[PDB]
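Visitor: coords_12.txt (compact mmCIF, N, CA and C atoms) pasted underneath:
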# COMPACT_ATOMS: atom_id res chain seq x y z
N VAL B 220 129.34 94.63 109.44
CA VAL B 220 128.82 94.03 110.67
C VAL B 220 128.94 92.52 110.64
N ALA B 221 129.43 91.92 111.72
CA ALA B 221 129.52 90.49 111.90
C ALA B 221 128.55 90.07 113.00
N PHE B 222 127.70 89.08 112.73
CA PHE B 222 126.68 88.66 113.67
C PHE B 222 126.26 87.21 113.46
N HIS B 223 125.57 86.65 114.45
CA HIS B 223 124.80 85.42 114.28
C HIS B 223 123.32 85.78 114.06
N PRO B 224 122.59 85.15 113.13
CA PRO B 224 121.18 85.44 112.87
C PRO B 224 120.28 85.52 114.10
N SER B 225 120.53 84.71 115.13
CA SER B 225 119.78 84.74 116.39
C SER B 225 120.00 86.01 117.24
N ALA B 226 120.97 86.87 116.94
CA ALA B 226 121.28 88.03 117.77
C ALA B 226 120.36 89.24 117.54
N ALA B 227 119.61 89.26 116.44
CA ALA B 227 118.76 90.37 116.06
C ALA B 227 117.48 89.87 115.41
N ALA B 228 116.37 90.54 115.71
CA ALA B 228 115.04 90.13 115.32
C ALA B 228 114.29 91.23 114.57
N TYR B 229 113.43 90.84 113.64
CA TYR B 229 112.61 91.72 112.83
C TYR B 229 111.19 91.16 112.65
N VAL B 230 110.21 92.04 112.71
CA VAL B 230 108.79 91.76 112.52
C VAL B 230 108.21 92.67 111.45
N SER B 231 107.63 92.11 110.39
CA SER B 231 106.67 92.80 109.53
C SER B 231 105.25 92.47 110.00
N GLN B 232 104.54 93.47 110.53
CA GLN B 232 103.20 93.29 111.08
C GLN B 232 102.11 93.64 110.06
N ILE B 233 102.28 94.74 109.32
CA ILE B 233 101.34 95.18 108.28
C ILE B 233 102.09 95.54 107.01
N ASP B 234 101.56 95.14 105.87
CA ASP B 234 102.07 95.53 104.56
C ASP B 234 100.91 95.53 103.56
N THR B 235 100.35 96.70 103.25
CA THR B 235 99.18 96.84 102.37
C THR B 235 99.33 97.96 101.35
N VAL B 236 98.65 97.80 100.22
CA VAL B 236 98.56 98.77 99.12
C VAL B 236 97.10 98.99 98.75
N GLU B 237 96.76 100.21 98.36
CA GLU B 237 95.39 100.73 98.25
C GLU B 237 95.25 101.66 97.04
N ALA B 238 94.13 101.59 96.34
CA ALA B 238 93.82 102.45 95.20
C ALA B 238 92.57 103.29 95.45
N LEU B 239 92.66 104.58 95.13
CA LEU B 239 91.65 105.61 95.35
C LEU B 239 91.60 106.57 94.15
N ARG B 240 90.64 107.48 94.16
CA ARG B 240 90.57 108.66 93.29
C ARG B 240 91.01 109.88 94.07
N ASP B 241 91.73 110.80 93.46
CA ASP B 241 92.09 112.05 94.10
C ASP B 241 90.86 112.94 94.29
N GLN B 242 90.67 113.53 95.46
CA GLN B 242 89.59 114.48 95.68
C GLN B 242 89.78 115.79 94.92
N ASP B 243 91.00 116.23 94.65
CA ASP B 243 91.25 117.56 94.11
C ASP B 243 91.58 117.59 92.61
N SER B 244 91.64 116.45 91.94
CA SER B 244 91.97 116.36 90.52
C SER B 244 91.43 115.07 89.92
N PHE B 245 91.31 114.99 88.60
CA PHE B 245 91.03 113.75 87.90
C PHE B 245 92.31 112.91 87.87
N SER B 246 92.60 112.23 88.97
CA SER B 246 93.79 111.40 89.13
C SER B 246 93.45 110.15 89.90
N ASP B 247 94.13 109.06 89.60
CA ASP B 247 94.27 107.96 90.54
C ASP B 247 95.19 108.37 91.68
N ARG B 248 94.97 107.77 92.84
CA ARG B 248 95.88 107.80 93.98
C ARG B 248 96.21 106.37 94.36
N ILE B 249 97.49 106.07 94.46
CA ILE B 249 98.01 104.81 94.99
C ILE B 249 98.72 105.13 96.29
N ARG B 250 98.39 104.42 97.36
CA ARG B 250 99.09 104.54 98.64
C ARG B 250 99.36 103.18 99.26
N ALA B 251 100.44 103.05 100.01
CA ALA B 251 100.85 101.81 100.66
C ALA B 251 101.40 102.07 102.05
N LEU B 252 101.10 101.20 102.99
CA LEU B 252 101.50 101.27 104.39
C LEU B 252 102.34 100.05 104.75
N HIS B 253 103.44 100.26 105.45
CA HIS B 253 104.23 99.20 106.03
C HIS B 253 104.50 99.49 107.51
N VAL B 254 104.15 98.54 108.37
CA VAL B 254 104.31 98.62 109.83
C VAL B 254 105.19 97.47 110.26
N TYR B 255 106.26 97.77 110.97
CA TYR B 255 107.32 96.82 111.28
C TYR B 255 108.07 97.21 112.55
N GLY B 256 108.90 96.32 113.06
CA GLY B 256 109.79 96.61 114.17
C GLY B 256 110.95 95.64 114.23
N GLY B 257 111.97 95.97 115.01
CA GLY B 257 113.13 95.11 115.19
C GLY B 257 114.03 95.54 116.32
N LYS B 258 114.79 94.60 116.86
CA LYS B 258 115.65 94.76 118.04
C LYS B 258 116.90 93.90 117.90
N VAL B 259 118.08 94.40 118.28
CA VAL B 259 119.20 93.51 118.61
C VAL B 259 118.92 92.91 119.98
N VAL B 260 118.35 91.71 119.99
CA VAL B 260 117.94 91.03 121.23
C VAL B 260 119.13 90.55 122.06
N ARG B 261 120.32 90.42 121.46
CA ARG B 261 121.58 89.99 122.10
C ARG B 261 122.75 90.86 121.61
N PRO B 262 123.03 92.02 122.21
CA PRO B 262 123.99 92.99 121.67
C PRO B 262 125.41 92.47 121.44
N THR B 263 125.92 91.59 122.30
CA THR B 263 127.24 90.96 122.15
C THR B 263 127.33 90.00 120.96
N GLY B 264 126.19 89.62 120.40
CA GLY B 264 126.08 88.83 119.18
C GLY B 264 126.22 89.64 117.89
N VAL B 265 126.43 90.96 117.97
CA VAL B 265 126.65 91.84 116.82
C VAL B 265 127.90 92.69 117.04
N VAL B 266 128.83 92.63 116.09
CA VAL B 266 130.10 93.36 116.10
C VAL B 266 130.13 94.30 114.91
N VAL B 267 130.46 95.56 115.14
CA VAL B 267 130.37 96.63 114.15
C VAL B 267 131.73 97.27 113.92
N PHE B 268 132.25 97.21 112.70
CA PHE B 268 133.42 97.98 112.30
C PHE B 268 132.99 99.32 111.69
N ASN B 269 133.69 100.41 112.02
CA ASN B 269 133.34 101.77 111.62
C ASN B 269 131.92 102.18 112.07
N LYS B 270 131.64 102.10 113.37
CA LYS B 270 130.30 102.36 113.94
C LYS B 270 129.82 103.81 113.79
N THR B 271 130.71 104.79 113.85
CA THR B 271 130.38 106.21 113.61
C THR B 271 130.34 106.58 112.12
N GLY B 272 130.53 105.63 111.21
CA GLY B 272 130.57 105.87 109.77
C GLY B 272 129.25 106.38 109.20
N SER B 273 129.27 107.59 108.63
CA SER B 273 128.10 108.31 108.11
C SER B 273 128.45 109.21 106.93
N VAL R 220 55.35 112.64 132.64
CA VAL R 220 54.45 113.25 131.67
C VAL R 220 53.24 112.35 131.49
N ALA R 221 52.04 112.90 131.53
CA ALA R 221 50.80 112.24 131.15
C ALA R 221 50.31 112.89 129.86
N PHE R 222 50.12 112.11 128.81
CA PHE R 222 49.74 112.65 127.51
C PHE R 222 48.87 111.69 126.74
N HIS R 223 48.13 112.23 125.78
CA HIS R 223 47.52 111.45 124.72
C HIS R 223 48.45 111.44 123.50
N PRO R 224 48.74 110.30 122.85
CA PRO R 224 49.64 110.24 121.70
C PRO R 224 49.42 111.30 120.63
N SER R 225 48.17 111.66 120.34
CA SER R 225 47.82 112.63 119.32
C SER R 225 48.28 114.06 119.63
N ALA R 226 48.64 114.37 120.88
CA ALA R 226 49.01 115.72 121.28
C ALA R 226 50.41 116.15 120.80
N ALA R 227 51.27 115.21 120.42
CA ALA R 227 52.64 115.46 120.02
C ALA R 227 53.03 114.64 118.80
N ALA R 228 53.71 115.25 117.84
CA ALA R 228 54.09 114.63 116.59
C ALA R 228 55.61 114.55 116.46
N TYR R 229 56.10 113.50 115.81
CA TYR R 229 57.50 113.32 115.46
C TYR R 229 57.63 112.73 114.05
N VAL R 230 58.54 113.27 113.25
CA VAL R 230 58.84 112.82 111.89
C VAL R 230 60.32 112.48 111.80
N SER R 231 60.63 111.22 111.53
CA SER R 231 61.96 110.79 111.08
C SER R 231 62.03 110.88 109.56
N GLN R 232 62.66 111.92 109.01
CA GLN R 232 62.72 112.16 107.57
C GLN R 232 63.87 111.43 106.87
N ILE R 233 65.07 111.49 107.43
CA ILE R 233 66.28 110.81 106.93
C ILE R 233 66.96 110.08 108.08
N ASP R 234 67.40 108.85 107.86
CA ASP R 234 68.26 108.14 108.80
C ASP R 234 69.14 107.17 108.01
N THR R 235 70.36 107.61 107.69
CA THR R 235 71.29 106.91 106.80
C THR R 235 72.63 106.66 107.49
N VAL R 236 73.28 105.54 107.16
CA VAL R 236 74.62 105.15 107.63
C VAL R 236 75.51 104.74 106.46
N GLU R 237 76.77 105.16 106.50
CA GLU R 237 77.69 105.11 105.37
C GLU R 237 79.12 104.78 105.79
N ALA R 238 79.85 104.10 104.93
CA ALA R 238 81.26 103.79 105.09
C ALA R 238 82.08 104.26 103.89
N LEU R 239 83.19 104.99 104.09
CA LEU R 239 84.00 105.55 102.98
C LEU R 239 85.48 105.46 103.36
N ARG R 240 86.36 105.09 102.43
CA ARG R 240 87.82 105.04 102.74
C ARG R 240 88.21 106.47 103.11
N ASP R 241 88.97 106.66 104.19
CA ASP R 241 89.31 108.03 104.67
C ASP R 241 90.26 108.68 103.66
N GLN R 242 90.40 110.01 103.67
CA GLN R 242 91.25 110.72 102.73
C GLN R 242 92.66 110.93 103.30
N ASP R 243 92.79 111.31 104.56
CA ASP R 243 94.08 111.73 105.11
C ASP R 243 94.87 110.61 105.79
N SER R 244 94.32 109.42 105.99
CA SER R 244 95.00 108.35 106.70
C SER R 244 94.53 106.97 106.25
N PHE R 245 95.30 105.94 106.58
CA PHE R 245 94.88 104.56 106.42
C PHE R 245 93.91 104.24 107.56
N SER R 246 92.65 104.61 107.36
CA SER R 246 91.54 104.40 108.29
C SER R 246 90.26 104.14 107.52
N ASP R 247 89.36 103.35 108.08
CA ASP R 247 87.95 103.40 107.72
C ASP R 247 87.28 104.60 108.36
N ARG R 248 86.30 105.19 107.70
CA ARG R 248 85.42 106.21 108.26
C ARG R 248 83.99 105.72 108.24
N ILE R 249 83.33 105.75 109.39
CA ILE R 249 81.91 105.47 109.54
C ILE R 249 81.23 106.80 109.80
N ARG R 250 80.20 107.13 109.03
CA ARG R 250 79.40 108.32 109.28
C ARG R 250 77.91 108.06 109.12
N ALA R 251 77.11 108.73 109.92
CA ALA R 251 75.66 108.60 109.91
C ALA R 251 74.98 109.95 110.10
N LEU R 252 73.83 110.12 109.45
CA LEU R 252 73.05 111.34 109.45
C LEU R 252 71.61 111.01 109.80
N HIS R 253 71.04 111.77 110.71
CA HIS R 253 69.64 111.68 111.07
C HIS R 253 69.00 113.06 111.00
N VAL R 254 67.94 113.19 110.21
CA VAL R 254 67.18 114.42 110.02
C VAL R 254 65.74 114.21 110.44
N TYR R 255 65.26 115.03 111.36
CA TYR R 255 63.98 114.81 112.02
C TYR R 255 63.36 116.11 112.51
N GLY R 256 62.12 116.03 112.95
CA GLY R 256 61.44 117.12 113.61
C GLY R 256 60.35 116.63 114.53
N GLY R 257 59.97 117.44 115.51
CA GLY R 257 58.84 117.16 116.39
C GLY R 257 58.22 118.43 116.96
N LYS R 258 56.93 118.37 117.29
CA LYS R 258 56.15 119.48 117.87
C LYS R 258 55.07 118.93 118.79
N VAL R 259 54.74 119.62 119.88
CA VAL R 259 53.46 119.41 120.56
C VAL R 259 52.39 120.19 119.81
N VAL R 260 51.55 119.50 119.05
CA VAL R 260 50.54 120.11 118.19
C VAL R 260 49.30 120.53 118.98
N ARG R 261 49.14 120.02 120.21
CA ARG R 261 48.10 120.38 121.19
C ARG R 261 48.69 120.50 122.61
N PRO R 262 49.14 121.67 123.07
CA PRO R 262 49.85 121.82 124.34
C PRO R 262 49.07 121.41 125.59
N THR R 263 47.75 121.49 125.57
CA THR R 263 46.90 121.08 126.70
C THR R 263 46.73 119.56 126.80
N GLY R 264 47.06 118.81 125.75
CA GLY R 264 46.99 117.36 125.74
C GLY R 264 48.18 116.65 126.40
N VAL R 265 49.16 117.41 126.89
CA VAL R 265 50.36 116.95 127.59
C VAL R 265 50.41 117.63 128.95
N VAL R 266 50.39 116.87 130.03
CA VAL R 266 50.49 117.34 131.41
C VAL R 266 51.81 116.88 132.03
N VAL R 267 52.58 117.80 132.58
CA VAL R 267 53.93 117.56 133.10
C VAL R 267 53.99 117.79 134.60
N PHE R 268 54.43 116.80 135.37
CA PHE R 268 54.73 116.97 136.78
C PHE R 268 56.21 117.22 137.00
N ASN R 269 56.55 118.21 137.83
CA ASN R 269 57.90 118.72 138.06
C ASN R 269 58.52 119.26 136.75
N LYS R 270 57.81 120.14 136.04
CA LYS R 270 58.21 120.68 134.73
C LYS R 270 59.56 121.39 134.76
N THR R 271 59.84 122.12 135.82
CA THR R 271 61.08 122.90 135.98
C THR R 271 62.26 122.07 136.52
N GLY R 272 62.09 120.76 136.73
CA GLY R 272 63.07 119.91 137.38
C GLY R 272 64.23 119.51 136.48
N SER R 273 65.42 119.43 137.06
CA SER R 273 66.68 119.12 136.37
C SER R 273 67.67 118.44 137.32
Kindly transcribe the structure held in the file into structure tokens.
Guide:
Amino acid sequence: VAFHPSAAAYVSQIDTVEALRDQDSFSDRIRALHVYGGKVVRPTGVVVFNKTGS
Amino acid sequence: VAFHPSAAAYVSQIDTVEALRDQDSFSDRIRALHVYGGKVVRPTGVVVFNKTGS
């Protein structure tokens, strides 16, 4: 992909990690949440070679 | 209702409020419990106008 940095945007809104005890066993539980979003705000500012590549 | 205070009793036995990290999601949980009882200990000491009204 060829682009200018201004053509696409990203937001990290939440990023947290948490420690608990398991209810069903003698275990620690570690869990983490990430909430984010992003958009190509200017589509002509991004050029893609092999776009169907999977 | 026209009554004398002594004609009816009420007991607040438990009234507790609690906060606990939720188990199934990244959420706070607020929970509260109230345990109580009441009786008219003298039924003639309480006079009700429009008793059947709703």
Visitor: I'd like to know which of B:259, B:228, B:252, B:265 is closest to chain R, using all atoms listed in the file.
Guide: B:252
Visitor: Quick one: residues within 6.5 Å of residue R:258, all atoms listed in the file counted, chain neighbours fewer than 2 positions away excluded, as number ranges by chain?
Guide: R: 226-229, 256, 260-261
Visitor: Can those selected residues be exported to a file as a CSV table (one decimal), keeping the file's coordinate frame so that it contains N, CA and C atoms?
Guide:
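Here's the written file result-v9.csv:
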chain,number,residue,atom,x,y,z
R,226,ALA,N,48.6,114.4,120.9
R,226,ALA,CA,49.0,115.7,121.3
R,226,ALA,C,50.4,116.2,120.8
R,227,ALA,N,51.3,115.2,120.4
R,227,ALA,CA,52.6,115.5,120.0
R,227,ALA,C,53.0,114.6,118.8
R,228,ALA,N,53.7,115.2,117.8
R,228,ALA,CA,54.1,114.6,116.6
R,228,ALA,C,55.6,114.6,116.5
R,229,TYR,N,56.1,113.5,115.8
R,229,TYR,CA,57.5,113.3,115.5
R,229,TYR,C,57.6,112.7,114.0
R,256,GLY,N,62.1,116.0,113.0
R,256,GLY,CA,61.4,117.1,113.6
R,256,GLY,C,60.4,116.6,114.5
R,260,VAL,N,51.6,119.5,119.0
R,260,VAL,CA,50.5,120.1,118.2
R,260,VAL,C,49.3,120.5,119.0
R,261,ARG,N,49.1,120.0,120.2
R,261,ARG,CA,48.1,120.4,121.2
R,261,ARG,C,48.7,120.5,122.6
Visitor: For chain R, which residue among B:240, B:264, B:271, B:245 is the nearest when counting only C-alpha atoms?
Guide: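 Residue with the minimum atom-to-atom distance to chain R: B:240.
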Visitor: As a list in words, please: every residue in chain R that DSSP puts in helix (DSSP H, G or I).
Guide: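 Those residues are residues 224, 225, 226, 262, 263 and 264 of chain R.
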Visitor: So what do you get for atom CA of residue R:268 versus atom CA of residue R:230, distance-wise?
Guide: 25.6 Å
Visitor: Between chain R and chain B, at 12 Å or less, what are the per-residue closest atom pairs and their distances in Å? Count only C-alpha atoms, order by chain and rising residue number, and return it as CSV.
Guide:
residue,atom,partner,partner_atom,distance
R:239,CA,B:239,CA,10.8
R:240,CA,B:239,CA,8.3
R:241,CA,B:239,CA,9.9
R:242,CA,B:242,CA,8.2
R:243,CA,B:242,CA,10.8
R:244,CA,B:250,CA,9.8
R:245,CA,B:252,CA,7.7
R:246,CA,B:252,CA,11.1
Visitor: Let's have chain B fitted on chain R; use all the C-alpha atoms paired in order for the least-squares step and return it as a compact mmCIF listing (two decimals) with N, CA and C atoms, in the coordinates of the input.
Guide:
# COMPACT_ATOMS: atom_id res chain seq x y z
N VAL B 220 55.49 112.75 132.62
CA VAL B 220 54.55 113.40 131.70
C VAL B 220 53.35 112.53 131.42
N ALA B 221 52.15 113.10 131.48
CA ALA B 221 50.91 112.44 131.15
C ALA B 221 50.34 113.07 129.89
N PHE B 222 49.99 112.25 128.89
CA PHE B 222 49.53 112.75 127.61
C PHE B 222 48.65 111.73 126.89
N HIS B 223 47.93 112.20 125.87
CA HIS B 223 47.32 111.34 124.86
C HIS B 223 48.22 111.30 123.62
N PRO B 224 48.46 110.15 122.98
CA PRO B 224 49.31 110.04 121.79
C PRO B 224 49.04 111.06 120.69
N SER B 225 47.78 111.46 120.48
CA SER B 225 47.41 112.48 119.50
C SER B 225 47.88 113.91 119.84
N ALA B 226 48.38 114.19 121.05
CA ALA B 226 48.75 115.54 121.45
C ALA B 226 50.13 116.00 120.96
N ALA B 227 50.97 115.08 120.51
CA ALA B 227 52.33 115.36 120.08
C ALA B 227 52.72 114.49 118.90
N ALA B 228 53.47 115.07 117.96
CA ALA B 228 53.80 114.46 116.70
C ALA B 228 55.31 114.44 116.45
N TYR B 229 55.79 113.41 115.75
CA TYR B 229 57.18 113.21 115.39
C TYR B 229 57.32 112.69 113.96
N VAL B 230 58.31 113.20 113.25
CA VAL B 230 58.68 112.82 111.89
C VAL B 230 60.15 112.44 111.82
N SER B 231 60.46 111.22 111.37
CA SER B 231 61.78 110.87 110.85
C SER B 231 61.76 111.01 109.32
N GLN B 232 62.51 111.98 108.80
CA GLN B 232 62.54 112.28 107.37
C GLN B 232 63.72 111.59 106.67
N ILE B 233 64.91 111.61 107.28
CA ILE B 233 66.11 110.97 106.75
C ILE B 233 66.80 110.16 107.83
N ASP B 234 67.26 108.97 107.49
CA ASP B 234 68.08 108.13 108.36
C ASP B 234 68.99 107.26 107.50
N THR B 235 70.26 107.65 107.35
CA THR B 235 71.23 106.95 106.49
C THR B 235 72.59 106.75 107.15
N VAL B 236 73.28 105.71 106.73
CA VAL B 236 74.64 105.35 107.14
C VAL B 236 75.51 105.11 105.91
N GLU B 237 76.78 105.46 106.00
CA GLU B 237 77.72 105.61 104.88
C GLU B 237 79.12 105.14 105.26
N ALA B 238 79.82 104.47 104.35
CA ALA B 238 81.19 104.01 104.54
C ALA B 238 82.14 104.64 103.53
N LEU B 239 83.29 105.11 104.02
CA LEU B 239 84.32 105.83 103.29
C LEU B 239 85.72 105.39 103.77
N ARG B 240 86.75 105.87 103.10
CA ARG B 240 88.15 105.82 103.54
C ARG B 240 88.55 107.17 104.10
N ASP B 241 89.34 107.22 105.15
CA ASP B 241 89.86 108.47 105.67
C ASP B 241 90.88 109.08 104.70
N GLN B 242 90.79 110.37 104.41
CA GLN B 242 91.79 111.04 103.60
C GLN B 242 93.15 111.17 104.29
N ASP B 243 93.21 111.25 105.61
CA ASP B 243 94.45 111.56 106.32
C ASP B 243 95.14 110.36 106.97
N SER B 244 94.58 109.17 106.88
CA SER B 244 95.13 107.96 107.49
C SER B 244 94.62 106.71 106.78
N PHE B 245 95.29 105.58 106.95
CA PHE B 245 94.78 104.29 106.52
C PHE B 245 93.70 103.84 107.51
N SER B 246 92.50 104.37 107.35
CA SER B 246 91.36 104.08 108.22
C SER B 246 90.10 103.99 107.40
N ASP B 247 89.17 103.16 107.82
CA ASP B 247 87.77 103.31 107.45
C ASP B 247 87.18 104.52 108.17
N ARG B 248 86.18 105.13 107.54
CA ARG B 248 85.30 106.12 108.14
C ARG B 248 83.87 105.64 108.00
N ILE B 249 83.15 105.60 109.10
CA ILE B 249 81.71 105.34 109.14
C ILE B 249 81.04 106.62 109.59
N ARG B 250 80.04 107.09 108.86
CA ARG B 250 79.22 108.24 109.25
C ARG B 250 77.75 107.99 109.01
N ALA B 251 76.88 108.58 109.82
CA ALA B 251 75.43 108.43 109.74
C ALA B 251 74.73 109.74 110.01
N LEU B 252 73.66 110.01 109.29
CA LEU B 252 72.85 111.22 109.36
C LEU B 252 71.42 110.86 109.75
N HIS B 253 70.84 111.60 110.68
CA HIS B 253 69.44 111.51 111.02
C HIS B 253 68.80 112.90 111.01
N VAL B 254 67.73 113.06 110.24
CA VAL B 254 66.98 114.31 110.08
C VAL B 254 65.55 114.05 110.51
N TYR B 255 65.05 114.85 111.43
CA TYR B 255 63.78 114.61 112.11
C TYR B 255 63.17 115.91 112.63
N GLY B 256 61.93 115.86 113.06
CA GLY B 256 61.27 116.97 113.72
C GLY B 256 60.08 116.52 114.54
N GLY B 257 59.58 117.39 115.41
CA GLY B 257 58.42 117.10 116.23
C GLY B 257 57.86 118.31 116.93
N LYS B 258 56.58 118.25 117.28
CA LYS B 258 55.80 119.35 117.86
C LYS B 258 54.77 118.80 118.84
N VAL B 259 54.56 119.44 120.00
CA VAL B 259 53.31 119.25 120.74
C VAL B 259 52.22 120.03 120.01
N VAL B 260 51.47 119.34 119.16
CA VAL B 260 50.44 119.95 118.32
C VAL B 260 49.22 120.41 119.12
N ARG B 261 49.02 119.90 120.34
CA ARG B 261 47.92 120.23 121.27
C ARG B 261 48.46 120.37 122.70
N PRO B 262 48.96 121.53 123.13
CA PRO B 262 49.67 121.67 124.41
C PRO B 262 48.89 121.25 125.66
N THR B 263 47.58 121.48 125.71
CA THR B 263 46.72 121.05 126.82
C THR B 263 46.55 119.53 126.92
N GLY B 264 46.94 118.81 125.88
CA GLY B 264 46.99 117.35 125.85
C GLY B 264 48.25 116.76 126.48
N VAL B 265 49.17 117.58 127.01
CA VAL B 265 50.38 117.14 127.70
C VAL B 265 50.50 117.85 129.05
N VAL B 266 50.63 117.07 130.12
CA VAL B 266 50.76 117.55 131.50
C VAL B 266 52.11 117.10 132.04
N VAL B 267 52.86 118.02 132.63
CA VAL B 267 54.24 117.80 133.05
C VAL B 267 54.40 118.03 134.54
N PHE B 268 54.81 117.02 135.29
CA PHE B 268 55.22 117.17 136.68
C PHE B 268 56.73 117.41 136.76
N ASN B 269 57.17 118.33 137.63
CA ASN B 269 58.56 118.75 137.74
C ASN B 269 59.13 119.30 136.42
N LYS B 270 58.49 120.31 135.84
CA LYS B 270 58.86 120.87 134.52
C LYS B 270 60.23 121.55 134.48
N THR B 271 60.66 122.19 135.56
CA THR B 271 62.01 122.79 135.68
C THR B 271 63.09 121.77 136.07
N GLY B 272 62.76 120.49 136.21
CA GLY B 272 63.68 119.44 136.63
C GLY B 272 64.83 119.21 135.66
N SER B 273 66.06 119.42 136.12
CA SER B 273 67.30 119.35 135.33
C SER B 273 68.50 118.91 136.16
Visitor: List every residue of chain B that DSSP, applied to the backbone of this structure, places in strand (DSSP E or B), and write the result as a VMD selection string.
Guide: chain B and resid 221 to 222 228 to 240 247 to 258 265 to 266
Visitor: To one decimal in Å, tell me the separation between atom CA of residue B:253 and atom N of residue R:248.
Guide: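 Between atom CA of residue B:253 and atom N of residue R:248 the gap works out to 19.0 Å.
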Visitor: Could you tell me how far atom CA of residue B:266 sits from atom CA of residue B:223, in Å to one decimal place?
Guide: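 Value for the atom CA of residue B:223-atom CA of residue B:266 distance: 9.7 Å.
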Visitor: Pick out the closest residue to residue B:221 from this set: B:254, B:234, B:269, B:249. Count only C-alpha atoms.
Guide: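 Looking only at the distances to residue B:221, the closest residue turns out to be B:269.
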